[PDB]
$ cat query07.pdb   # PDB, C-alpha atoms (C1' of nucleotides) and all ligand atoms
ATOM      1  CA  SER A   2     -40.183 106.365  42.096
ATOM      2  CA  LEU A   3     -43.770 106.272  43.336
ATOM      3  CA  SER A   4     -45.674 109.526  42.962
ATOM      4  CA  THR A   5     -47.706 111.159  45.720
ATOM      5  CA  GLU A   6     -51.058 110.136  44.246
ATOM      6  CA  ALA A   7     -50.085 106.503  43.704
ATOM      7  CA  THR A   8     -48.702 106.318  47.241
ATOM      8  CA  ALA A   9     -51.855 107.829  48.739
ATOM      9  CA  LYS A  10     -54.013 105.375  46.799
ATOM     10  CA  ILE A  11     -52.157 102.424  48.305
ATOM     11  CA  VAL A  12     -52.474 103.812  51.835
ATOM     12  CA  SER A  13     -56.246 104.015  51.424
ATOM     13  CA  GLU A  14     -56.627 100.550  49.900
ATOM     14  CA  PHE A  15     -54.592  98.636  52.502
ATOM     15  CA  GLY A  16     -54.698 100.816  55.624
ATOM     16  CA  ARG A  17     -57.357 101.259  58.263
ATOM     17  CA  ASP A  18     -58.089 104.772  56.995
ATOM     18  CA  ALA A  19     -56.419 107.601  55.081
ATOM     19  CA  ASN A  20     -53.447 108.179  57.407
ATOM     20  CA  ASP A  21     -52.640 104.603  58.467
ATOM     21  CA  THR A  22     -49.309 104.760  56.688
ATOM     22  CA  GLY A  23     -47.548 102.583  59.246
ATOM     23  CA  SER A  24     -49.431  99.298  59.177
ATOM     24  CA  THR A  25     -47.523  96.282  57.911
ATOM     25  CA  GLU A  26     -49.922  95.711  55.010
ATOM     26  CA  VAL A  27     -49.452  99.262  53.733
ATOM     27  CA  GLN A  28     -45.666  99.086  53.976
ATOM     28  CA  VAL A  29     -45.543  95.766  52.126
ATOM     29  CA  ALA A  30     -47.921  97.037  49.452
ATOM     30  CA  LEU A  31     -45.853 100.199  49.037
ATOM     31  CA  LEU A  32     -42.628  98.223  48.671
ATOM     32  CA  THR A  33     -44.331  95.848  46.237
ATOM     33  CA  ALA A  34     -45.429  98.796  44.119
ATOM     34  CA  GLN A  35     -41.906 100.222  43.881
ATOM     35  CA  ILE A  36     -40.308  96.826  43.236
ATOM     36  CA  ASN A  37     -42.707  96.121  40.378
ATOM     37  CA  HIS A  38     -42.330  99.639  38.989
ATOM     38  CA  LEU A  39     -38.539  99.345  38.970
ATOM     39  CA  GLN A  40     -38.592  96.138  36.917
ATOM     40  CA  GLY A  41     -38.961  98.303  33.825
ATOM     41  CA  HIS A  42     -35.988 100.447  34.790
ATOM     42  CA  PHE A  43     -33.626  97.518  35.263
ATOM     43  CA  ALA A  44     -34.746  95.773  32.086
ATOM     44  CA  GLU A  45     -33.299  98.744  30.197
ATOM     45  CA  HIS A  46     -30.410  99.535  32.567
ATOM     46  CA  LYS A  47     -28.843  96.187  33.430
ATOM     47  CA  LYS A  48     -25.569  97.803  34.543
ATOM     48  CA  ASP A  49     -27.144 100.278  36.980
ATOM     49  CA  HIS A  50     -25.650  98.422  39.915
ATOM     50  CA  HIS A  51     -25.862 101.382  42.290
ATOM     51  CA  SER A  52     -29.625 101.780  41.936
ATOM     52  CA  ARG A  53     -30.124  98.016  42.162
ATOM     53  CA  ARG A  54     -28.657  98.051  45.659
ATOM     54  CA  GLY A  55     -31.581 100.239  46.690
ATOM     55  CA  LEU A  56     -33.988  97.827  45.024
ATOM     56  CA  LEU A  57     -32.514  94.810  46.812
ATOM     57  CA  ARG A  58     -32.977  96.642  50.103
ATOM     58  CA  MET A  59     -36.682  96.984  49.310
ATOM     59  CA  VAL A  60     -36.834  93.245  48.614
ATOM     60  CA  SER A  61     -35.204  92.319  51.911
ATOM     61  CA  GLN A  62     -37.246  94.888  53.838
ATOM     62  CA  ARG A  63     -40.427  93.379  52.400
ATOM     63  CA  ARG A  64     -39.295  89.859  53.283
ATOM     64  CA  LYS A  65     -38.718  90.847  56.909
ATOM     65  CA  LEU A  66     -42.075  92.611  57.198
ATOM     66  CA  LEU A  67     -43.846  89.591  55.714
ATOM     67  CA  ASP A  68     -42.085  87.212  58.095
ATOM     68  CA  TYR A  69     -43.227  89.419  60.971
ATOM     69  CA  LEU A  70     -46.837  89.577  59.788
ATOM     70  CA  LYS A  71     -46.913  85.806  59.316
ATOM     71  CA  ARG A  72     -45.633  85.309  62.860
ATOM     72  CA  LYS A  73     -48.261  87.645  64.370
ATOM     73  CA  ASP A  74     -51.480  87.052  62.377
ATOM     74  CA  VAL A  75     -51.346  84.314  59.735
ATOM     75  CA  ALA A  76     -54.810  85.273  58.469
ATOM     76  CA  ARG A  77     -53.777  88.839  57.653
ATOM     77  CA  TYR A  78     -50.648  87.440  55.993
ATOM     78  CA  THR A  79     -52.539  85.045  53.720
ATOM     79  CA  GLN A  80     -54.932  87.751  52.533
ATOM     80  CA  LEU A  81     -52.054  90.132  51.853
ATOM     81  CA  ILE A  82     -49.920  87.912  49.628
ATOM     82  CA  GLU A  83     -53.027  86.917  47.678
ATOM     83  CA  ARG A  84     -54.061  90.506  46.951
ATOM     84  CA  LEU A  85     -50.500  91.396  45.969
ATOM     85  CA  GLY A  86     -49.662  88.287  43.964
ATOM     86  CA  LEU A  87     -46.619  87.104  45.917
ATOM     87  CA  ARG A  88     -45.437  83.506  46.120
ATOM     88  CA  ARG A  89     -44.582  83.808  49.816
TER
ATOM     89  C1'   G B   1      53.325  84.448 -63.051
ATOM     90  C1'   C B   2      49.773  82.831 -66.555
ATOM     91  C1'   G B   3      49.738  81.936 -71.957
ATOM     92  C1'   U B   4      51.588  80.932 -77.369
ATOM     93  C1'   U B   5      54.513  75.408 -80.665
ATOM     94  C1'   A B   6      48.753  69.768 -78.553
ATOM     95  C1'   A B   7      40.967  69.692 -82.913
ATOM     96  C1'   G B   8      36.995  70.454 -82.148
ATOM     97  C1'   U B   9      31.807  69.447 -82.144
ATOM     98  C1'   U B  10      27.052  66.776 -82.441
ATOM     99  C1'   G B  11      24.632  62.092 -81.821
ATOM    100  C1'   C B  12      24.413  56.981 -79.612
ATOM    101  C1'   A B  13      26.094  53.493 -75.466
ATOM    102  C1'   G B  14      28.478  53.484 -70.711
ATOM    103  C1'   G B  15      31.226  55.277 -65.838
ATOM    104  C1'   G B  16      30.907  59.509 -62.096
ATOM    105  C1'   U B  17      28.655  64.081 -60.285
ATOM    106  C1'   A B  18      24.316  67.691 -59.485
ATOM    107  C1'   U B  19      18.874  68.632 -58.518
ATOM    108  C1'   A B  20      14.900  65.862 -57.514
ATOM    109  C1'   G B  21      11.958  60.504 -52.320
ATOM    110  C1'   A B  22      17.157  59.221 -55.911
ATOM    111  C1'   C B  23      18.896  51.593 -53.529
ATOM    112  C1'   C B  24      14.424  49.562 -50.500
ATOM    113  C1'   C B  25      11.825  49.191 -45.763
ATOM    114  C1'   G B  26      11.533  51.697 -40.461
ATOM    115  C1'   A B  27      11.025  56.240 -36.072
ATOM    116  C1'   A B  28       9.933  59.120 -31.760
ATOM    117  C1'   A B  29       8.023  63.725 -33.409
ATOM    118  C1'   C B  30       6.266  68.958 -35.888
ATOM    119  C1'   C B  31       2.318  71.548 -38.610
ATOM    120  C1'   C B  32      -2.772  72.144 -41.014
ATOM    121  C1'   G B  33      -8.155  71.054 -41.385
ATOM    122  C1'   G B  34     -11.902  68.086 -39.391
ATOM    123  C1'   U B  35     -14.484  64.112 -35.891
ATOM    124  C1'   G B  36     -15.528  62.997 -30.785
ATOM    125  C1'   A B  37     -18.242  64.237 -23.404
ATOM    126  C1'   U B  38     -23.233  57.167 -25.857
ATOM    127  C1'   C B  39     -16.623  55.871 -21.483
ATOM    128  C1'   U B  40     -14.912  59.315 -18.077
ATOM    129  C1'   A B  41     -14.150  64.706 -15.257
ATOM    130  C1'   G B  42     -17.079  68.999 -13.799
ATOM    131  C1'   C B  43     -21.501  71.630 -14.215
ATOM    132  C1'   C B  44     -27.014  72.600 -15.699
ATOM    133  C1'   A B  45     -32.390  71.116 -15.918
ATOM    134  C1'   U B  46     -35.926  67.418 -14.656
ATOM    135  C1'   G B  47     -37.431  62.657 -12.269
ATOM    136  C1'   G B  48     -36.223  58.260  -8.825
ATOM    137  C1'   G B  49     -33.698  55.410  -4.477
ATOM    138  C1'   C B  50     -32.118  54.686   0.755
ATOM    139  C1'   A B  51     -35.018  47.001   4.552
ATOM    140  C1'   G B  52     -34.592  46.976   9.723
ATOM    141  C1'   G B  53     -32.746  48.515  14.440
ATOM    142  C1'   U B  54     -30.513  52.595  17.739
ATOM    143  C1'   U B  55     -28.899  57.165  20.213
ATOM    144  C1'   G B  56     -31.733  61.201  22.364
ATOM    145  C1'   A B  57     -29.316  68.035  20.762
ATOM    146  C1'   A B  58     -32.258  72.448  20.640
ATOM    147  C1'   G B  59     -37.180  73.599  21.740
ATOM    148  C1'   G B  60     -41.806  72.742  24.712
ATOM    149  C1'   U B  61     -44.884  71.749  29.219
ATOM    150  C1'   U B  62     -45.362  71.136  34.414
ATOM    151  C1'   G B  63     -43.222  71.509  39.215
ATOM    152  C1'   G B  64     -39.108  73.401  42.324
ATOM    153  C1'   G B  65     -36.333  78.132  42.446
ATOM    154  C1'   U B  66     -35.595  83.784  41.910
ATOM    155  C1'   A B  67     -37.472  90.657  43.407
ATOM    156  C1'   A B  68     -37.204  89.285  38.425
ATOM    157  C1'   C B  69     -33.737  86.350  35.996
ATOM    158  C1'   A B  70     -30.422  82.619  36.122
ATOM    159  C1'   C B  71     -30.824  77.660  37.585
ATOM    160  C1'   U B  72     -32.981  72.744  38.452
ATOM    161  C1'   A B  73     -36.210  67.873  38.067
ATOM    162  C1'   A B  74     -39.737  65.268  35.352
ATOM    163  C1'   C B  75     -42.380  64.685  31.011
ATOM    164  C1'   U B  76     -42.313  65.757  26.059
ATOM    165  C1'   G B  77     -39.497  66.475  21.676
ATOM    166  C1'   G B  78     -36.712  64.064  17.428
ATOM    167  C1'   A B  79     -31.296  67.115  15.948
ATOM    168  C1'   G B  80     -27.111  64.775  13.322
ATOM    169  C1'   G B  81     -21.497  65.315   6.567
ATOM    170  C1'   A B  82     -24.650  60.771  14.540
TER
HETATM  171  K     K C   1      34.899  62.661 -83.014
HETATM  172  K     K C   2      20.878  58.470 -57.763
HETATM  173  K     K C   3     -31.893  53.903   9.402
HETATM  174  K     K C   4     -35.239  68.113  27.104
HETATM  175  K     K C   5     -32.980  59.996  14.937
HETATM  176 MG    MG C   6     -38.218 104.820  50.532
HETATM  177 MG    MG C   7      24.775  60.293 -72.727
HETATM  178 MG    MG C   8       8.603  73.271 -34.877
HETATM  179 MG    MG C   9      10.863  71.164 -31.451
HETATM  180 MG    MG C  10     -19.594  67.146 -29.602
HETATM  181 MG    MG C  11     -21.222  62.709 -20.915
HETATM  182 MG    MG C  12     -23.472  58.546   9.277
END
$ encode --input "query07.pdb" --output "structure tokens"
Amino acid sequence: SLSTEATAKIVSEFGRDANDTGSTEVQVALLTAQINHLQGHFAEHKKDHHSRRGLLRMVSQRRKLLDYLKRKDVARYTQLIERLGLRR
RNA sequence: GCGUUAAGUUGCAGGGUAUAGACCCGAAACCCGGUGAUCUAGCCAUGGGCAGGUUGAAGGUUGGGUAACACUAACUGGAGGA
């Protein structure tokens, strides 16, 4: 759902440089962007169960990445959820 | 068979009959034209009344909760031919 420009913008804002697409912060920010963007799709299409399975995978993938970041560097974790607006 | 050989008629009094309320009193009812919604039934307009004490619906806020909902606890709130 995310376009190329929007994706590239996130990589630059959370990565080390322009092609640090793999860092945990970038991945979590990318997932957060798609999850938030898809809230408008599922408000209109409540019965799109097949797409929602893909969304719930993003949610669980983000939870696992966050639990890993919190276990490695708590400081990086705290900054990340604050910038993104996540409860935990 | 009915008649012919038996005086009627007009007053007055009386007996009966007829039409009339027709010896007197008495229905329940039927019809016609009026008077009544100051009681009461319903409605319409415009005003008033309901001591005191209870119960605690929806909603709201805050926290928990969720990807977001849902959900949940407290506080608040003051529903009802209660
Ligand atoms: K005579
Ligand atoms: K008589
Ligand atoms: K009362
Ligand atoms: K309540
Ligand atoms: K009450
Ligand atoms: Mg993907
Ligand atoms: Mg006479
Ligand atoms: Mg008659
Ligand atoms: Mg009759
Ligand atoms: Mg009258
Ligand atoms: Mg009256
Ligand atoms: Mg009552």
$ atom_distance --input "query07.pdb" --atom1 "atom CA of residue 29 of chain A" --atom2 "atom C1' of residue 66 of chain B"
18.6 Å
$ residues_around --input "query07.pdb" --residues "residue 78 of chain A" --least-positions-apart "5" --cutoff "8 Å" --atoms "all atoms listed in the file" --output "JSON, numbers by chain"
{"A": [67, 70, 71]}
$ atom_distance --input "query07.pdb" --atom1 "atom CA of residue 18 of chain A" --atom2 "atom CA of residue 60 of chain A"
25.6 Å
$ interface_residues --input "query07.pdb" --of "chain B" --to "chain A" --cutoff "12 Å" --atoms "all atoms listed in the file" --output "MDAnalysis selection string"
chainID B and resid 65:69
$ atom_distance --input "query07.pdb" --atom1 "atom CA of residue 14 of chain A" --atom2 "atom CA of residue 28 of chain A"
11.8 Å
$ residues_near_point --input "query07.pdb" --point "(-36.0, 74.4, 16.4)" --cutoff "10 Å" --atoms "all atoms listed in the file" --output "PyMOL selection string"
chain B and resi 58-59+79
$ write_last_selection --input "query07.pdb" --atoms "C-alpha atoms (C1' of nucleotides)" --output "PDB file, keeping the file's coordinate frame"
ATOM      1  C1'   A B  58     -32.258  72.448  20.640  1.00  0.00           C
ATOM      2  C1'   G B  59     -37.180  73.599  21.740  1.00  0.00           C
ATOM      3  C1'   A B  79     -31.296  67.115  15.948  1.00  0.00           C
TER       4        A B  79
END
$ residues_around --input "query07.pdb" --residues "residue 55 of chain B" --least-positions-apart "5" --cutoff "12 Å" --atoms "only C-alpha atoms (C1' of nucleotides)" --output "PyMOL selection string"
chain B and resi 78-80+82
$ resolve_selection --input "query07.pdb" --expression "the PyMOL selection byres (((not hetatm)) within 12 of (chain C and resi 9))" --output "list in words"
residues 29, 30 and 31 of chain B
$ build_atoms --input "query07.pdb" --residues "segment 54-68 of chain A" --atoms "N, CA, C and O atoms" --output "PDB file, keeping the file's coordinate frame"
ATOM      1  N   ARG A  54     -28.845  98.244  44.229  1.00  0.00           N
ATOM      2  CA  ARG A  54     -28.657  98.051  45.659  1.00  0.00           C
ATOM      3  C   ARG A  54     -29.852  98.575  46.442  1.00  0.00           C
ATOM      4  O   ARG A  54     -30.299  97.941  47.401  1.00  0.00           O
ATOM      5  N   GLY A  55     -30.382  99.731  46.046  1.00  0.00           N
ATOM      6  CA  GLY A  55     -31.581 100.239  46.690  1.00  0.00           C
ATOM      7  C   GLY A  55     -32.783  99.342  46.474  1.00  0.00           C
ATOM      8  O   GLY A  55     -33.604  99.162  47.372  1.00  0.00           O
ATOM      9  N   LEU A  56     -32.896  98.758  45.284  1.00  0.00           N
ATOM     10  CA  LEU A  56     -33.988  97.827  45.024  1.00  0.00           C
ATOM     11  C   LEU A  56     -33.876  96.578  45.888  1.00  0.00           C
ATOM     12  O   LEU A  56     -34.875  96.106  46.432  1.00  0.00           O
ATOM     13  N   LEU A  57     -32.671  96.026  46.027  1.00  0.00           N
ATOM     14  CA  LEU A  57     -32.514  94.810  46.812  1.00  0.00           C
ATOM     15  C   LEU A  57     -32.783  95.057  48.286  1.00  0.00           C
ATOM     16  O   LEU A  57     -33.173  94.137  49.007  1.00  0.00           O
ATOM     17  N   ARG A  58     -32.579  96.287  48.749  1.00  0.00           N
ATOM     18  CA  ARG A  58     -32.977  96.642  50.103  1.00  0.00           C
ATOM     19  C   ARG A  58     -34.490  96.603  50.258  1.00  0.00           C
ATOM     20  O   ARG A  58     -35.000  96.131  51.276  1.00  0.00           O
ATOM     21  N   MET A  59     -35.227  97.093  49.260  1.00  0.00           N
ATOM     22  CA  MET A  59     -36.682  96.984  49.310  1.00  0.00           C
ATOM     23  C   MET A  59     -37.117  95.528  49.387  1.00  0.00           C
ATOM     24  O   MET A  59     -38.023  95.184  50.148  1.00  0.00           O
ATOM     25  N   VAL A  60     -36.472  94.657  48.613  1.00  0.00           N
ATOM     26  CA  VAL A  60     -36.834  93.245  48.614  1.00  0.00           C
ATOM     27  C   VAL A  60     -36.602  92.628  49.986  1.00  0.00           C
ATOM     28  O   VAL A  60     -37.445  91.885  50.495  1.00  0.00           O
ATOM     29  N   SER A  61     -35.462  92.919  50.609  1.00  0.00           N
ATOM     30  CA  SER A  61     -35.204  92.319  51.911  1.00  0.00           C
ATOM     31  C   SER A  61     -36.062  92.952  52.995  1.00  0.00           C
ATOM     32  O   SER A  61     -36.472  92.266  53.933  1.00  0.00           O
ATOM     33  N   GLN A  62     -36.355  94.246  52.880  1.00  0.00           N
ATOM     34  CA  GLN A  62     -37.246  94.888  53.838  1.00  0.00           C
ATOM     35  C   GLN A  62     -38.650  94.307  53.752  1.00  0.00           C
ATOM     36  O   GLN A  62     -39.313  94.120  54.775  1.00  0.00           O
ATOM     37  N   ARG A  63     -39.114  93.998  52.542  1.00  0.00           N
ATOM     38  CA  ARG A  63     -40.427  93.379  52.400  1.00  0.00           C
ATOM     39  C   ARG A  63     -40.434  91.968  52.969  1.00  0.00           C
ATOM     40  O   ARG A  63     -41.407  91.556  53.604  1.00  0.00           O
ATOM     41  N   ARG A  64     -39.358  91.214  52.754  1.00  0.00           N
ATOM     42  CA  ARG A  64     -39.295  89.859  53.283  1.00  0.00           C
ATOM     43  C   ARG A  64     -39.371  89.857  54.802  1.00  0.00           C
ATOM     44  O   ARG A  64     -40.032  89.000  55.394  1.00  0.00           O
ATOM     45  N   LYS A  65     -38.705  90.810  55.451  1.00  0.00           N
ATOM     46  CA  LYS A  65     -38.718  90.847  56.909  1.00  0.00           C
ATOM     47  C   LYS A  65     -40.083  91.259  57.439  1.00  0.00           C
ATOM     48  O   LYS A  65     -40.547  90.724  58.447  1.00  0.00           O
ATOM     49  N   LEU A  66     -40.740  92.208  56.774  1.00  0.00           N
ATOM     50  CA  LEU A  66     -42.075  92.611  57.198  1.00  0.00           C
ATOM     51  C   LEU A  66     -43.075  91.480  57.020  1.00  0.00           C
ATOM     52  O   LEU A  66     -43.947  91.279  57.868  1.00  0.00           O
ATOM     53  N   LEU A  67     -42.957  90.725  55.929  1.00  0.00           N
ATOM     54  CA  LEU A  67     -43.846  89.591  55.714  1.00  0.00           C
ATOM     55  C   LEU A  67     -43.623  88.506  56.753  1.00  0.00           C
ATOM     56  O   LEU A  67     -44.583  87.914  57.254  1.00  0.00           O
ATOM     57  N   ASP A  68     -42.365  88.217  57.080  1.00  0.00           N
ATOM     58  CA  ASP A  68     -42.085  87.212  58.095  1.00  0.00           C
ATOM     59  C   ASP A  68     -42.614  87.634  59.455  1.00  0.00           C
ATOM     60  O   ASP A  68     -42.978  86.782  60.270  1.00  0.00           O
TER      61      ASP A  68
END
